[PDB]
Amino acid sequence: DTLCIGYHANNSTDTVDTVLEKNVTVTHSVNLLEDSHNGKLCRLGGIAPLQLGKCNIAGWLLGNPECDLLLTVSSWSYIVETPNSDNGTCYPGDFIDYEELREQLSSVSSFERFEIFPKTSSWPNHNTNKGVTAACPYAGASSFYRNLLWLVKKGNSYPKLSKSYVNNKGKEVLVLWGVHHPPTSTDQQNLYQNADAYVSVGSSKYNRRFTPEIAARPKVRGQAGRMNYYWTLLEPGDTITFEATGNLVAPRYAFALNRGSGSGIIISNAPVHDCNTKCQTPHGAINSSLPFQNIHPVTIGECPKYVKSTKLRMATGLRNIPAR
């Protein structure tokens, strides 16, 4: 009669590495690295992402004519830009503190767009219909940004304008505007009469003055002139005042922002899809319990810690010695 003491073994092929030996077959192990995604852009918190498509944040906020599709969107789980998001500022110029605005939008889950300065009633003494350009076309015809209003002189007169807005939206209000710069003093006069105009913008915390900078610059989209874009976040209860004797591209629509942490902007060519997830990456959604993933470092929602690893298997059983 005999009694032996031994240990388990099986047909497992699982392998793990150790300090002293590589490729050791084990009886049981757990993979800690997630490496699969559905290659689709899904919704988080049951809300679809905002697909800017051919437009970029600039084109969206300013209202580039090629972004009308986005006009009715006002809430999203995250913003998506693509490798072909080129429609931004159709009229050549500098967008001041643009990256900063993008950073700001990263914590905005939605807004209430409103006509801060109604077009048909806010400018009794200035023309509001000739503000179009071939640089910002729509349906082949000259047009302009949907959220700004290019004001020009009325009957050879551009009186000092003064327009203010008091914020009672109970939240931050994003106000955008522009300053135009004709290529010649002749154009400066055709558009605004006043040779030496200025634009002035101010609130309790914002204060800035702008001067036309007349000069011909290399043409871009047919324009030798330039148009600079500005923005500011007006606080609840504060007031913003615009004063100008020419060159002001006035705000038309503005946005009352709703903050809602846990969001951002991502660049992806992955297709949006009727689907849900708790974790989203530029390549597609992850659906896993594993502590790690090597899909992508950029992530949105509840996800596994990104890591450059190719393999991360932890041994649970023992060395497998079937000796068959």
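All residue numbers are counted from 1 along the displayed sequence.
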Task: Segment of higher mean CA temperature factor, 99-107 or 218-226 - done: 218-226
- [ ] Between 240-248 and 136-144, point out the one with the higher average CA B-factor as the PDB entry records it.
- [x] 136-144
- [ ] By the entry's C-alpha temperature factors, tell me which of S29, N258, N64, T281 sits highest.
- [x] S29
Open item on the list: Just to confirm, going by the entry's C-alpha B-factors, which of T89, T232, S75, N156 comes out highest?
Closed with: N156
Open item on the list: When the deposited Cα B-factors of this chain's modelled residues are ordered and cut into thirds, is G53 in the lowest, the middle or the highest one?
Closed with: middle
TODO: Comparing against every modelled residue in the chain, figure out the third that the C-alpha B-factor of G46 lands in (lowest, middle or highest).
DONE: middle
TODO: Select lowest, middle or highest to describe the third in which the CA B-factor of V152 falls within its chain in this entry.
DONE: middle
- [ ] Grab the CA temperature factor for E213 from the record and place it in the lowest, middle or highest third of its chain.
- [x] middle
Task: Record-listed C-alpha B factor of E81: chain third - done: middle
